[PDB]
Amino acid sequence: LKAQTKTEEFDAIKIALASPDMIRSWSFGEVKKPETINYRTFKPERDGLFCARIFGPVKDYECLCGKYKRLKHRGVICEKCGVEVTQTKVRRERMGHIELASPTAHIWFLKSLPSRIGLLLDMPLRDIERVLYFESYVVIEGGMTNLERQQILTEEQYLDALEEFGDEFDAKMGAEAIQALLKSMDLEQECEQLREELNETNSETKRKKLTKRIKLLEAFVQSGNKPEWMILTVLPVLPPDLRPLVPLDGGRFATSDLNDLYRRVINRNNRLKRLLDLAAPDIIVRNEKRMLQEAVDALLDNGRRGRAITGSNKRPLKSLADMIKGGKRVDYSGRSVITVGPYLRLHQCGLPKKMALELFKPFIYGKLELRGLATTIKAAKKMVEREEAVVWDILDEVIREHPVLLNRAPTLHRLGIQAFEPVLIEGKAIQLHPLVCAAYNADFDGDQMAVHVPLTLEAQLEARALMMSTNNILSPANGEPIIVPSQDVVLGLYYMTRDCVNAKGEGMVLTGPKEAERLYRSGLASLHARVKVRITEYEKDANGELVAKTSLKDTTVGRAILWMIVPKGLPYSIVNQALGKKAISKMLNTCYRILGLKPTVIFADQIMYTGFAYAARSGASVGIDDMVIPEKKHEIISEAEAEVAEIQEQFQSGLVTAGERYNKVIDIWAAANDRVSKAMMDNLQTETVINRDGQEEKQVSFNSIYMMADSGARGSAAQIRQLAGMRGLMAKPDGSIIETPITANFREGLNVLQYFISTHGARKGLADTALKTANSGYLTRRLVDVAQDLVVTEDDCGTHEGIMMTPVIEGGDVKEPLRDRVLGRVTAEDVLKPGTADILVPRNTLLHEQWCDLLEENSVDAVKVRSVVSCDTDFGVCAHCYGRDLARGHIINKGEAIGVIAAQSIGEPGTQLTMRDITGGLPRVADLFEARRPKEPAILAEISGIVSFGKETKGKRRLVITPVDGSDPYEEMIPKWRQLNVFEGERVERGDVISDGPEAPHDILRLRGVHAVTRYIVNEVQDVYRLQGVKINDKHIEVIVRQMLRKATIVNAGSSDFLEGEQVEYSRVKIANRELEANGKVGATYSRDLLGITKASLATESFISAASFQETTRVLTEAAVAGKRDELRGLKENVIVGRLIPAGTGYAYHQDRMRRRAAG
Amino acid sequence: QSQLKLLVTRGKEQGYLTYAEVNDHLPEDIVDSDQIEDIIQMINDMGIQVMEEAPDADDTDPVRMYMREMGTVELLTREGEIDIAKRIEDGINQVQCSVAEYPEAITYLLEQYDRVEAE
Amino acid sequence: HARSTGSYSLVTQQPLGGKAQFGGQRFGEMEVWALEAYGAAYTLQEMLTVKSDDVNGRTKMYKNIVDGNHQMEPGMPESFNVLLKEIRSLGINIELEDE
Amino acid sequence: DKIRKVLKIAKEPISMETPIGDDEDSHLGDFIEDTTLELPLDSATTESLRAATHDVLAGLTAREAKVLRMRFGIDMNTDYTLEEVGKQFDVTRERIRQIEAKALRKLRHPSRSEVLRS
Amino acid sequence: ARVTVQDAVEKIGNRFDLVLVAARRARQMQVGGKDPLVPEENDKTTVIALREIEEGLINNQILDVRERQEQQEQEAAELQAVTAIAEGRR
Amino acid sequence: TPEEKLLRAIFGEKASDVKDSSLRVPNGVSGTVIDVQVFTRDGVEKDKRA
Ligand SMILES: [Mg+2]
Ligand SMILES: [Zn+2]
Ligand SMILES: [Zn+2]
């Protein structure tokens, strides 16, 4: 016995046509005058666009005239002027209407791609439907003689037919004529007779229009909307506050264009009303009616036909539709220039004093009034406005464990916004931890970040348990660590290794920590010698715990002292015995996988501190003598120019092909470039001589530059090769290469010519960067738009099938193995063992248990693994079938947000993708995801049969192959162009290659298989990331491909109507509920269909979600026609409405409310 | 034929949606702001089938359409005008005479006059 | 720049200033991607309603802050209520029914 | 000055949808601030003001709290005068004004309303 | 637990549910009957609840059950007024 | 508001029918005035300082 009539919680929103009476329901009065505000009193006119009696009062609680002022009469209307004295926000929510004389056609339901009023009526849009309502050619409204039912007549034909019969087939013209047409139309009887006629002896020569319209008519009739509402007779009015005319600075009002529109339509409508009472000349009245049509259409949606101008502005007027067709500012926020903060931890950030003071204003107020100090709220305001010492301490209390989340401009992935504990800093710049300085892709060139203050309690906990930096150790894209130490610190730890012979060395042994005392007290060096010490190692096995292991290993001073930082566990020493390069991150990774979060975090802070400190102690610099040039430079250059000289002489005397000597001489200079490069590196690498004991030995150069290169720290081979070696082949604006490479280098002088040559490379480099940077996000938007609705649900379903994972082997003819693509993956079922037993069924491949997949030798290189591609889930993703790859080490928590994180991880490295039988680059990625047919698609054998020619060029034609065997034939079409690969008589299998060219994903999915096409997409999209050298897990690719294969096509006979291509969601859930419902014969078999990202994203349940990205004027219209309703499970549509997101911290709420909406 | 064959055969699929192409390969008076939206609506989005929904739908201005019906001149001369005006006065006269026939119109005018003199 | 609470535009009740304070920072699509990725439902909730353009919400939650209660008590943003009125201003009708 | 006021009526005038800074993308009507609304700070101070007064009239007597409350008209809508209060309390005019002043005398030490003043 | 917060997820899986329950308890502390179990040590209610969850006390079923007892305490102990009202409209 | 009417009644009314809109140096910045200037309307009482 509920049935509440108030503004409570809603479970869904409904969209449909509006009856004239439906408009009257919103009407709080009727606009009747084009008047807005008074010319002198500046007061709302009587019945104008800004009435007070109709809409709302100007001032809050005082009426128009002034008979009533204060809260005494908040429910009673005024005597002199019926002005309901409530609020002024009432003026913002009140509707109102205008009631037109002659009917008017709604511009949307009239001319919006398909003519809704036309297709519903079966009548040409801009041809007939225009000429019959623009007062030109009269139309018929049903005749029982000579004339049909919807034919078009001229005035002459009208009077002729009227004379022949008349007074029994009367049919007007114009708007009301189309009204009587739609009104007379019987949706029910037509829905029957159309079904009858459009099924009688007709092949595929008609079925198109038949199925189309019948589905459309059935939809409209079942929608509930009456076709009468299509053209309106009562036009509603927008609230005044949503289109106000507010006085700016010193007069000069500011109004909305809608006021001009409504004023025009009101004027034209009034004249029409007046003409329908005075003398009524047909030309005059009909013209004014067409003008009313103009005004109404211009108000609803300009678009579209010339665009009504006026308003002095040469620009058009922003109609209603243009205000809803196509960035959320927020309080408690700020931004500033960022700065490095070495003394910070990983969970801390430097927040400026004055900045944090203004940010936590309301918190300071509350805490002040709570303790004492400030007698009242305004006292607190005055107390903080006059920064009075004690207030700062109170601030030190409010920001204590109150997380503040930071954000950078280009937010590519989840790690764009990370939370920190605010640390007050005497300054006006925002300091950041140098470890998470890579996740933001932030530099200190002058980049500036923004800060947000989690106000809500659960918002603070969300920031601490999710967005906190300490929880984001690993990258969501690849399992590898993301807060890994960078340039400065890594060069430091690289210097803390680097075993140098002798030089204050000798093997004076001690025990770990004591070595520190040895280092500070000089005497001994630091990079010697090697030297031996006692290392107390710790290891665990089987029953965990800890097992000591004291020994005597030969490390160095640096390794000895550095060992102190290493946590309890770990293999110890051997992780330090190496150096500082990539194992610097490997060490962090292993530490995380064998210890945990906290030990890894503190280890990260320690290694950062260590790196910085010892790097500072080192004092590595970059003098001009650090980049030593090879002596053989001029030699190699002369030799190369000698060879090219001979080639040019040969070209002079004919001999060699002069047409392509350009290429081979380029090979000469290219070889020479590699010669200079190899010479420079082999020199600058080792060098040195030292003098160990009895002198004479060789190590590796301590040449600063090399130290930077052999330890990450921004220093690559190519860059160094340009510094001391030579800048190789340079590009030319033509796209060609110049046959005179930059012989000189930056260490040397650079001639004006070759610099004017290199300027092209720099120009196109920056330009191309500017393109791919925006193009990357341009792809990301499509990825998110298509994927941001699926979330891991229903815990862990059954099913065992899944793509057989195998090491990506180009080693067929080039040798290149990668076998780490299986880890944190849930096993399909006991994937065998050269003997028996071993692997369990649903056992997720651990990080230590994937290392067990090496104890089964190189024999086992194939494992079946559950993936998101398969998974017999319905509207989500099985937790098992997904994996675990997060910043978290465990499996994904039930109700995460796989879609967005997948899209982000894919489109994040897009910044470093070079756009162009190998396209390659971001464009290649786009084409693979869009699933576009190649420029020269190959062909496959649909059914295994016997290959034979089917009439040599007898069409038409063009060759024909016919693989026939067992039963029934097939006739494929070969267009002569491009050869073949299978002679006549030979047999083929189900999906064999008979064109040896580019494969089409549609054909692969349609014939080869889903596992094959998904394997193709992932292994082809990865191959373009291999070249760019960007690590990205296959899980996410499989994730987007999952809903990339969302819909299918049914071919048989079931409750679903055959030709309709529907998603396997409704398909599977309905076929599961039909085998055991009444009969399996009341349902058909479906067929998976490959559709691109855009084509897939285009289709979606919610009309609001669609109204977001795709064309709003279309989606909103068509969704209006059929009584559709969003209810209401998507992310995006649940975001713009401003409620809890059906994922993460939500989900539980949605599940409860979802089950709650089962009672009715 | 012309429009259909040209549009379909050319746009396959014109790659970058080359708009500035077929809009010149169309008849009638050009440079309109009306026919524009009817081409940007078909090309993409509902591909393949939309290109079959275009022709079947393909199988303008207030003032220009106003001068059209005004085109029916039926102009007059001094003779014509005086003629029409004469018919006006004739009709009016017959109406007023028909009012004179009505006695209650006279007596009502009499009653309302006494109301006028009674102030 | 930093802003606790300031002025708002007449059209859309969104933060803006330059007359005494500074117009608040802009969130956006790039950021709501991240918040959805994390699962910060309440963080996005507030960042989309009370923290921005929820007329009564901002005031109610501000009072709850000075009283040291936090919580939220959100509501339908005017940046969607306006959308209702604008769509309803056309011949099309949208209603938010209960259950 | 008549001409001066005349020129303040000219022009439509300007529409909000006018581009200004040419940002992404600017609109004149987007810079127009709302003034009919009150600052959340101001609303909070007003509420705390109600509580403050509601707690200050507690340290008074009935024949003094009611007097000040009814005279200056608070928590009762319609405010009354010396006569309408002097009739409901027998003693008329000067007597009730005496008490009305005595309450104001009482408010010369507390700081709550003092700081709420500004 | 001012740096994970990871130890709490072990006691109750799904970091999201962790946030919900922890916010629930933190709400109980910030407004209403405070009474923490783990010593404060100058920590916000945000973290105090997390410290408890890590400690092993105060979970989801725990709060729900204690809420049941809370209702059985407010209702059953003050039923005299409710019954006296029950005889109001017969 | 009644409470505010009482409040000023307790500390002195002086409820002037005027507001306030004086040009103030924005919070944060601080410096020295080097030059003042006043452009008066053509037909307005010139100021003492002007
Ligand atoms: Mg930069
Ligand atoms: Zn009134
Ligand atoms: Zn599954």
# chains A, B, ... in the order shown; residues from 1 in each chain; ligands from 1
$ residues_around --residues "residue 36 (chain F)" --least-positions-apart "2" --cutoff "10 Å" --atoms "only C-alpha atoms" --output "number ranges by chain"
F: 33-34, 38, 49-50
$ residues_around --residues "residue 39 (chain A)" --least-positions-apart "5" --cutoff "12 Å" --atoms "only C-alpha atoms" --output "PyMOL selection string"
(chain A and resi 44-45+251+253) or (chain D and resi 5-6+8-10+12)
$ interface_residues --of "chain E" --to "chain A" --cutoff "10 Å" --atoms "only C-alpha atoms" --output "short mmCIF file (atom, residue, chain, number, x, y, z; two decimals) with N, CA, C and O atoms, in the first residue's frame"
data_model
loop_
_atom_site.label_atom_id
_atom_site.label_comp_id
_atom_site.auth_asym_id
_atom_site.auth_seq_id
_atom_site.Cartn_x
_atom_site.Cartn_y
_atom_site.Cartn_z
N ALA E 1 47.82 2.08 9.88
CA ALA E 1 47.27 1.77 8.56
C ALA E 1 47.23 3.01 7.69
O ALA E 1 46.40 3.13 6.79
N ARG E 2 48.14 3.95 7.95
CA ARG E 2 48.22 5.18 7.18
C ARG E 2 49.10 4.99 5.95
O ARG E 2 49.50 5.95 5.30
N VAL E 3 49.38 3.73 5.64
CA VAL E 3 50.12 3.34 4.44
C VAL E 3 49.77 1.90 4.09
O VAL E 3 50.60 1.01 4.22
N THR E 4 48.53 1.69 3.65
CA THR E 4 47.96 0.35 3.47
C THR E 4 47.72 -0.28 4.85
O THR E 4 48.68 -0.44 5.61
N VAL E 5 46.48 -0.64 5.19
CA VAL E 5 45.30 -0.67 4.31
C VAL E 5 45.33 -1.88 3.38
O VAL E 5 44.30 -2.25 2.80
N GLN E 6 46.49 -2.51 3.25
CA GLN E 6 46.58 -3.77 2.54
C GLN E 6 46.30 -4.92 3.51
O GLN E 6 45.76 -5.96 3.13
N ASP E 7 46.68 -4.71 4.77
CA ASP E 7 46.49 -5.70 5.82
C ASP E 7 45.01 -5.88 6.16
O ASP E 7 44.61 -6.91 6.71
N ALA E 8 44.21 -4.87 5.84
CA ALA E 8 42.78 -4.91 6.11
C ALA E 8 42.02 -5.69 5.05
O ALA E 8 41.02 -6.35 5.34
N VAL E 9 42.49 -5.61 3.81
CA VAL E 9 41.86 -6.32 2.70
C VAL E 9 42.01 -7.83 2.85
O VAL E 9 41.19 -8.60 2.35
N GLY E 13 38.12 -9.47 1.95
CA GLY E 13 38.40 -9.31 0.54
C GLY E 13 37.59 -8.21 -0.13
O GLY E 13 36.63 -7.70 0.45
N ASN E 14 37.97 -7.86 -1.35
CA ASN E 14 37.32 -6.79 -2.09
C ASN E 14 37.52 -5.43 -1.43
O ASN E 14 36.78 -5.06 -0.52
N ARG E 15 38.52 -4.69 -1.90
CA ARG E 15 38.86 -3.39 -1.33
C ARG E 15 37.66 -2.44 -1.28
O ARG E 15 37.60 -1.55 -0.44
N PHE E 16 36.71 -2.64 -2.19
CA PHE E 16 35.51 -1.82 -2.23
C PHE E 16 34.63 -2.06 -1.01
O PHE E 16 34.20 -1.12 -0.35
N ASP E 17 34.36 -3.33 -0.71
CA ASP E 17 33.63 -3.69 0.50
C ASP E 17 34.37 -3.19 1.73
O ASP E 17 33.76 -2.80 2.72
N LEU E 18 35.70 -3.23 1.66
CA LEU E 18 36.54 -2.70 2.73
C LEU E 18 36.24 -1.22 2.97
O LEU E 18 36.07 -0.79 4.11
N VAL E 19 36.16 -0.46 1.88
CA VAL E 19 35.85 0.96 1.96
C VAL E 19 34.46 1.21 2.56
O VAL E 19 34.29 2.08 3.41
N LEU E 20 33.48 0.43 2.10
CA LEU E 20 32.11 0.55 2.59
C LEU E 20 32.02 0.34 4.10
O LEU E 20 31.51 1.20 4.82
N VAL E 21 32.51 -0.80 4.57
CA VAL E 21 32.43 -1.14 5.98
C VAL E 21 33.27 -0.20 6.84
O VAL E 21 32.86 0.17 7.94
N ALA E 22 34.44 0.17 6.34
CA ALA E 22 35.33 1.06 7.07
C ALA E 22 34.73 2.46 7.17
O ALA E 22 34.86 3.13 8.20
N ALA E 23 34.07 2.90 6.10
CA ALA E 23 33.38 4.18 6.10
C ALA E 23 32.19 4.12 7.05
O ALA E 23 31.85 5.10 7.71
N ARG E 24 31.55 2.95 7.09
CA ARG E 24 30.42 2.71 7.99
C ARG E 24 30.84 2.92 9.44
O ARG E 24 30.20 3.66 10.18
N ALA E 26 33.69 4.31 10.53
CA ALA E 26 34.24 5.65 10.67
C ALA E 26 33.11 6.67 10.82
O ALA E 26 33.28 7.70 11.48
N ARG E 27 31.97 6.37 10.22
CA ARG E 27 30.78 7.21 10.37
C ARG E 27 30.25 7.12 11.79
O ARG E 27 29.85 8.13 12.38
N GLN E 30 32.81 9.30 13.91
CA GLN E 30 32.78 10.73 13.65
C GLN E 30 31.51 11.40 14.18
O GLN E 30 31.57 12.51 14.72
N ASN E 42 46.10 9.85 18.38
CA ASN E 42 45.96 11.00 17.49
C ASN E 42 45.80 10.64 16.01
O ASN E 42 46.50 11.17 15.15
N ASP E 43 44.88 9.72 15.73
CA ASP E 43 44.58 9.32 14.36
C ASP E 43 43.14 9.67 14.01
O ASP E 43 42.25 9.58 14.86
N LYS E 44 42.91 10.06 12.77
CA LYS E 44 41.57 10.40 12.31
C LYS E 44 40.66 9.18 12.31
O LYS E 44 41.13 8.04 12.29
N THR E 45 39.35 9.42 12.34
CA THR E 45 38.36 8.34 12.29
C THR E 45 38.47 7.56 10.99
O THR E 45 38.06 6.40 10.92
N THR E 46 39.01 8.20 9.96
CA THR E 46 39.25 7.55 8.68
C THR E 46 40.12 6.31 8.84
O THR E 46 39.83 5.25 8.28
N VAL E 47 41.20 6.45 9.62
CA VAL E 47 42.18 5.38 9.77
C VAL E 47 41.88 4.47 10.96
O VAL E 47 42.20 3.28 10.93
N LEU E 50 40.12 1.47 10.11
CA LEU E 50 41.02 0.59 9.37
C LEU E 50 41.93 -0.17 10.33
O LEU E 50 42.22 -1.35 10.11
#
$ interface_residues --of "chain A" --to "chain D" --cutoff "7 Å" --atoms "only C-alpha atoms" --output "ChimeraX atom specification"
/A:72,251-257,375-379
$ interface_residues --of "chain C" --to "chain F" --cutoff "10 Å" --atoms "only C-alpha atoms" --output "tab-separated table (two decimals) with N, CA, C and O atoms, in the first residue's frame"
chain	number	residue	atom	x	y	z
C	19	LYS	N	36.41	37.82	-9.37
C	19	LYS	CA	35.96	39.08	-8.79
C	19	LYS	C	36.38	39.18	-7.33
C	19	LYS	O	36.47	40.27	-6.77
C	20	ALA	N	36.63	38.03	-6.72
C	20	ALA	CA	37.08	37.96	-5.34
C	20	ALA	C	37.90	36.70	-5.11
C	20	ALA	O	38.89	36.71	-4.37
C	21	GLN	N	37.48	35.61	-5.74
C	21	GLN	CA	38.19	34.34	-5.66
C	21	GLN	C	38.62	33.86	-7.04
C	21	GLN	O	38.79	34.65	-7.96
$ atom_distance --atom1 "CA of residue 764 (chain A)" --atom2 "CA of residue 733 (chain A)"
8.6 Å
$ residues_near_ligand --ligand "ligand 1" --cutoff "9 Å" --atoms "only C-alpha atoms and all ligand atoms" --output "JSON, numbers by chain"
{"A": [441, 442, 443, 444, 445, 446, 447]}
$ write_last_selection --atoms "N, CA, C and O atoms" --output "PDB file, in the first residue's frame"
ATOM      1  N   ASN A 441      53.822  10.922 -16.111  1.00  0.00           N
ATOM      2  CA  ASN A 441      54.587  11.362 -17.271  1.00  0.00           C
ATOM      3  C   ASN A 441      54.915  12.843 -17.121  1.00  0.00           C
ATOM      4  O   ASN A 441      54.901  13.605 -18.088  1.00  0.00           O
ATOM      5  N   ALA A 442      55.205  13.240 -15.887  1.00  0.00           N
ATOM      6  CA  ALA A 442      55.442  14.638 -15.565  1.00  0.00           C
ATOM      7  C   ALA A 442      56.926  14.968 -15.488  1.00  0.00           C
ATOM      8  O   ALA A 442      57.724  14.192 -14.965  1.00  0.00           O
ATOM      9  N   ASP A 443      57.285  16.128 -16.023  1.00  0.00           N
ATOM     10  CA  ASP A 443      58.627  16.665 -15.867  1.00  0.00           C
ATOM     11  C   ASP A 443      58.520  18.002 -15.146  1.00  0.00           C
ATOM     12  O   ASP A 443      57.419  18.501 -14.922  1.00  0.00           O
ATOM     13  N   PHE A 444      59.657  18.578 -14.774  1.00  0.00           N
ATOM     14  CA  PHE A 444      59.645  19.859 -14.084  1.00  0.00           C
ATOM     15  C   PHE A 444      60.121  20.975 -15.006  1.00  0.00           C
ATOM     16  O   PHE A 444      60.876  21.858 -14.600  1.00  0.00           O
ATOM     17  N   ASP A 445      59.662  20.923 -16.253  1.00  0.00           N
ATOM     18  CA  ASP A 445      59.935  21.975 -17.223  1.00  0.00           C
ATOM     19  C   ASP A 445      59.151  23.223 -16.840  1.00  0.00           C
ATOM     20  O   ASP A 445      59.452  24.327 -17.291  1.00  0.00           O
ATOM     21  N   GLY A 446      58.142  23.025 -16.000  1.00  0.00           N
ATOM     22  CA  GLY A 446      57.224  24.081 -15.620  1.00  0.00           C
ATOM     23  C   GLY A 446      55.806  23.547 -15.607  1.00  0.00           C
ATOM     24  O   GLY A 446      54.841  24.311 -15.557  1.00  0.00           O
ATOM     25  N   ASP A 447      55.685  22.224 -15.654  1.00  0.00           N
ATOM     26  CA  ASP A 447      54.385  21.565 -15.645  1.00  0.00           C
ATOM     27  C   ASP A 447      53.647  21.856 -14.345  1.00  0.00           C
ATOM     28  O   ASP A 447      54.265  21.998 -13.290  1.00  0.00           O
TER      29      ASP A 447
END
$ atom_distance --atom1 "CA of residue 1052 (chain A)" --atom2 "CA of residue 1088 (chain A)"
14.2 Å
$ residues_near_ligand --ligand "ligand 2" --cutoff "9 Å" --atoms "only C-alpha atoms and all ligand atoms" --output "number ranges by chain"
A: 62-69, 77-85
$ residues_near_ligand --ligand "ligand 3" --cutoff "6 Å" --atoms "only C-alpha atoms and all ligand atoms" --output "list in words"
residues 797, 871, 872, 873, 877, 878 and 881 of chain A
$ write_last_selection --atoms "N, CA and C atoms" --output "PDB file, in the first residue's frame"
ATOM      1  N   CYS A 797      32.130 -17.977 -12.642  1.00  0.00           N
ATOM      2  CA  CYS A 797      31.277 -18.949 -13.316  1.00  0.00           C
ATOM      3  C   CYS A 797      32.023 -20.247 -13.609  1.00  0.00           C
ATOM      4  N   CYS A 871      34.260 -17.327 -21.707  1.00  0.00           N
ATOM      5  CA  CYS A 871      33.531 -17.096 -20.463  1.00  0.00           C
ATOM      6  C   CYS A 871      32.020 -17.079 -20.685  1.00  0.00           C
ATOM      7  N   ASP A 872      31.342 -18.098 -20.168  1.00  0.00           N
ATOM      8  CA  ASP A 872      29.903 -18.240 -20.361  1.00  0.00           C
ATOM      9  C   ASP A 872      29.114 -17.304 -19.447  1.00  0.00           C
ATOM     10  N   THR A 873      29.696 -16.150 -19.137  1.00  0.00           N
ATOM     11  CA  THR A 873      29.001 -15.130 -18.361  1.00  0.00           C
ATOM     12  C   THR A 873      27.945 -14.440 -19.221  1.00  0.00           C
ATOM     13  N   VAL A 877      31.839 -10.244 -16.526  1.00  0.00           N
ATOM     14  CA  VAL A 877      33.063 -11.001 -16.752  1.00  0.00           C
ATOM     15  C   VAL A 877      33.416 -11.832 -15.524  1.00  0.00           C
ATOM     16  N   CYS A 878      33.665 -13.120 -15.733  1.00  0.00           N
ATOM     17  CA  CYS A 878      34.049 -14.009 -14.645  1.00  0.00           C
ATOM     18  C   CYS A 878      35.397 -13.597 -14.063  1.00  0.00           C
ATOM     19  N   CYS A 881      38.080 -16.015 -15.115  1.00  0.00           N
ATOM     20  CA  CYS A 881      38.360 -15.915 -16.544  1.00  0.00           C
ATOM     21  C   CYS A 881      39.198 -14.689 -16.903  1.00  0.00           C
TER      22      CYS A 881
END
$ residues_around --residues "region 183-200 of chain A" --least-positions-apart "5" --cutoff "8 Å" --atoms "only C-alpha atoms" --output "list in words"
residues 121, 141, 206, 207, 210, 214, 217, 218, 221, 227 and 228 of chain A
$ write_last_selection --atoms "C-alpha atoms" --output "PDB file, in the first residue's frame"
ATOM      1  CA  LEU A 121       2.813   7.215 -43.070  1.00  0.00           C
ATOM      2  CA  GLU A 141      -7.378  11.486 -46.838  1.00  0.00           C
ATOM      3  CA  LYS A 206      10.835  -7.574 -51.168  1.00  0.00           C
ATOM      4  CA  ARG A 207      11.636  -8.892 -47.667  1.00  0.00           C
ATOM      5  CA  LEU A 210       8.724  -5.640 -45.455  1.00  0.00           C
ATOM      6  CA  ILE A 214       6.540  -3.999 -39.962  1.00  0.00           C
ATOM      7  CA  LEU A 217       5.005  -0.081 -37.058  1.00  0.00           C
ATOM      8  CA  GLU A 218       4.830  -2.810 -34.411  1.00  0.00           C
ATOM      9  CA  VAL A 221       1.959   0.836 -31.912  1.00  0.00           C
ATOM     10  CA  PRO A 227       0.643   9.454 -34.128  1.00  0.00           C
ATOM     11  CA  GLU A 228      -1.516  12.523 -33.426  1.00  0.00           C
TER      12      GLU A 228
END
$ atom_distance --atom1 "CA of residue 1019 (chain A)" --atom2 "CA of residue 1034 (chain A)"
8.6 Å
$ residues_around --residues "residue 43 (chain C)" --least-positions-apart "3" --cutoff "7 Å" --atoms "only C-alpha atoms" --output "PyMOL selection string"
(chain A and resi 454+459) or (chain C and resi 40+46-47)
$ select_by_dssp --residues "chain C" --states "strand (DSSP E or B)" --output "list in words"
residues 2, 3, 7, 8, 9, 15, 16, 25, 26, 92, 93, 94 and 95 of chain C
$ interface_residues --of "chain C" --to "chain A" --cutoff "7 Å" --atoms "only C-alpha atoms" --output "ChimeraX atom specification"
/C:1-5,11,14-15,24-28,30-31,33-34,36-43,45,47-49,51-52,65-68,70-72,76-77,80,85-86,89-99
$ closest_residue --among "D:4, D:27, D:50, D:93" --to "chain F" --atoms "only C-alpha atoms"
D:50
$ residues_around --residues "residue 16 (chain C)" --least-positions-apart "5" --cutoff "6 Å" --atoms "only C-alpha atoms" --output "PyMOL selection string"
chain C and resi 7-8+23
$ write_last_selection --atoms "C-alpha atoms" --output "mmCIF file, in the first residue's frame"
data_model
loop_
_atom_site.group_PDB
_atom_site.id
_atom_site.type_symbol
_atom_site.label_atom_id
_atom_site.label_comp_id
_atom_site.auth_asym_id
_atom_site.auth_seq_id
_atom_site.Cartn_x
_atom_site.Cartn_y
_atom_site.Cartn_z
ATOM 1 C CA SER C 7 30.368 32.455 -6.935
ATOM 2 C CA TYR C 8 28.381 30.541 -9.552
ATOM 3 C CA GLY C 23 36.934 29.803 -10.590
#
$ select_by_dssp --residues "chain B" --states "alpha helix (DSSP H)" --output "ChimeraX atom specification"
/B:2-10,50-53,55-58,62-70,78-101,103-117
$ interface_residues --of "chain F" --to "chain D" --cutoff "7 Å" --atoms "only C-alpha atoms" --output "PDB file with N, CA, C and O atoms, in the first residue's frame"
ATOM      1  N   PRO F   2      14.968  39.003  11.389  1.00  0.00           N
ATOM      2  CA  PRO F   2      14.630  39.263  12.792  1.00  0.00           C
ATOM      3  C   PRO F   2      15.822  39.137  13.737  1.00  0.00           C
ATOM      4  O   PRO F   2      16.049  40.026  14.558  1.00  0.00           O
ATOM      5  N   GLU F   3      16.571  38.045  13.617  1.00  0.00           N
ATOM      6  CA  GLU F   3      17.743  37.819  14.455  1.00  0.00           C
ATOM      7  C   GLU F   3      18.798  38.896  14.229  1.00  0.00           C
ATOM      8  O   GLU F   3      19.488  39.312  15.160  1.00  0.00           O
ATOM      9  N   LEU F   6      17.499  42.268  15.715  1.00  0.00           N
ATOM     10  CA  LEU F   6      17.789  42.233  17.143  1.00  0.00           C
ATOM     11  C   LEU F   6      19.272  42.452  17.413  1.00  0.00           C
ATOM     12  O   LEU F   6      19.644  43.165  18.345  1.00  0.00           O
ATOM     13  N   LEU F   7      20.111  41.831  16.592  1.00  0.00           N
ATOM     14  CA  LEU F   7      21.558  41.893  16.767  1.00  0.00           C
ATOM     15  C   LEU F   7      22.083  43.321  16.667  1.00  0.00           C
ATOM     16  O   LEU F   7      22.850  43.767  17.521  1.00  0.00           O
ATOM     17  N   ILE F  10      21.194  45.453  19.522  1.00  0.00           N
ATOM     18  CA  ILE F  10      21.968  45.218  20.736  1.00  0.00           C
ATOM     19  C   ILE F  10      23.334  45.904  20.677  1.00  0.00           C
ATOM     20  O   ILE F  10      23.996  46.074  21.702  1.00  0.00           O
TER      21      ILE F  10
END
